[PDB]
Amino acid sequence: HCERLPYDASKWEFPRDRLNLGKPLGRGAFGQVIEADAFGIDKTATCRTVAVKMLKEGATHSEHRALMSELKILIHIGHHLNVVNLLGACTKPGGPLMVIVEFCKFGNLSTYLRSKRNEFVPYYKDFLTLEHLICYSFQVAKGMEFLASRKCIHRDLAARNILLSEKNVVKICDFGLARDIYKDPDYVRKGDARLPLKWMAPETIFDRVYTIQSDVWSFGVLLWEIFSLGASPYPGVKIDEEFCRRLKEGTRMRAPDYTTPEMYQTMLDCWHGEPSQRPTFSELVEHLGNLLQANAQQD
Ligand SMILES: COC(=O)Nc1nc2cc(Oc3ccc(NC(=O)Nc4cc(C(F)(F)F)ccc4F)cc3)ccc2[nH]1
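Here the sequence shown stands for residues 814 to 936, 994 to 1169, where the numbers follow the entry's author numbering.
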């Protein structure tokens, strides 16, 4: 829902005097995220690194409302291992509105996988393997199955919106910063931005239609990103009216360099032209769970 939903301060409110703000993690035109140290945020006697979303200086009513809405949305969604974890909030008088979520130390999965291209083998202590890639895929499907059950649609499911925490746990998020149409051109490097059109289901381009089944299409692109180790989709292709036409017609990406046949089949399944014929997230959880277990079995 929205900023007007009730807010259970007993459950969520965290003292500002137990938050020590550190360095920025991300900044856009409408909000910023800062790394922070929070003491006792999960009831134990520990100092935990967290990420704090808050407003920038000079924020309007509209911006405040937007951040309050996000907070209520996150409370509504609830907790899942593979979704951005809301830990607390600072909303009462005497300081800025702050939304506190778990920090995922390895950052976004696209950049991470790119950094591991020379540290990948199919089947080496710090290497990635097929086991890793299929596990990340499975985890995202689990998170999306959960989001679907909360009646949420992601709308921009991509590897850049997946964060990697310790112990190879990935979490789905939606930064909502718009960093790459905000970033100073002096400091923009190749790789910083991505083109969201490349993740959109045909019906999302042509009918502006967002559904859970359009997220399944996007998940197929995310799979392609995983098994290309963080490459950009549709390499070399110009994303114009022509590309869109070809897409509605049946043209698809070729297999990425690190895929197994079964994973490329799944991509193709996710890219069905008919939304109702794409797998559901529940179906993807079962199938990828099977692929994961088969991957690690004995002879
Ligand atoms: C190098 O290491 C790193 O930099 N590590 C790291 N950097 C960061 C940055 C960070 O900022 C964020 C992320 C997301 C967010 N909110 C957000 O997800 N909201 C959201 C999610 C969803 C849905 F569907 F995805 F679940 C639906 C609607 C919705 F509003 C707020 C702040 C959080 C954690 C983190 N860890």
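Idealized CB from N, CA, C, for every residue including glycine.
inquiry  = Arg840 and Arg1030 - do their beta-carbons sit closer together than 8 Å?
reply    = no
Worksheet item: Based on the DSSP secondary-structure assignment, which residues constitute the bridge partners of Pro837?
Response: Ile847
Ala1164 in three-state terms, based on DSSP: helix
Item to complete: Would you grab the beta carbon distance between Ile854 and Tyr1006 for me? Rounded to a whole angstrom, and I think it's under 8 Å.
Response: With 8 Å as the limit, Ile854 and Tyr1006 do not qualify as a contact, their Cβ atoms being about 27 Å apart.
- Task: Please name the residue, chosen from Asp830, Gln1167 and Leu910, that lies closest to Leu880 on a Cα-to-Cα basis.
- Result: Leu910
- Would you say the stretch 995–1002 touches the stretch 873–887, given that touching needs at least three Cβ pairs under 8 Å? no
* **Beta-carbon proximity of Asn895 to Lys1041, cut-off 8 Å** => yes
Alpha-carbon to alpha-carbon, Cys1043 and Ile890: 12 Å
- request: Give me whichever residues DSSP pairs with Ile1051 in a beta bridge.
  value: DSSP output for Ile1051 lists no bridge partner at all.
So, using beta-carbon positions, are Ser1084 and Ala1071 closer together than 8 Å? yes
TODO: Please state whether DSSP places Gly1013 in a helix, a strand or coil.
DONE: helix
### Task
Compute the distance between the beta-carbons of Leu1047 and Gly844, then report whether it is under 8 Å.
yes
Please indicate yes or no: does the CB of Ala864 lie closer than 7 Å to some heavy atom of ligand 1?
yes
task: Check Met881 in the structure and name its three-state DSSP category.
output: helix
**Asked** Rounded to a whole number of angstroms, what is the C-alpha to C-alpha distance between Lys1108 and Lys905?
**Response** 49 Å
For this session: Assuming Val863 and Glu915 form a contact by the criterion Cβ under 8 Å, report the distance between their Cβ atoms to the nearest whole angstrom.
Result: 6 Å
field: Pick from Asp1110, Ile1032 and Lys1037 that is closest to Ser1088, judged by C-alpha positions
entry: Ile1032
Which residues in the same chain as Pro1126 place their Cβ atom closer than 7 Å to its Cβ, once the five residues preceding and following it in sequence are excluded? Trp1094, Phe1097, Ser1098 and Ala1101
- request: May I ask you to report which of helix, strand or coil DSSP gives residue 1172?
  value: Any property of residue 1172 remains undetermined from this structure, which presents the chain solely from 814 to 1169.
Checklist entry - Hey, how far is the Cα of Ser1146 from the Cα of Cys1140? => result 10 Å
task: Please find out if some non-hydrogen atom of ligand 1 comes closer than 7 Å to the beta-carbon of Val897.
output: yes
- Task: Mind listing, in chain order, the continuous alpha helix (DSSP H) runs of no fewer than 4 residues lying wholly within the stretch 890–919?
- Result: none
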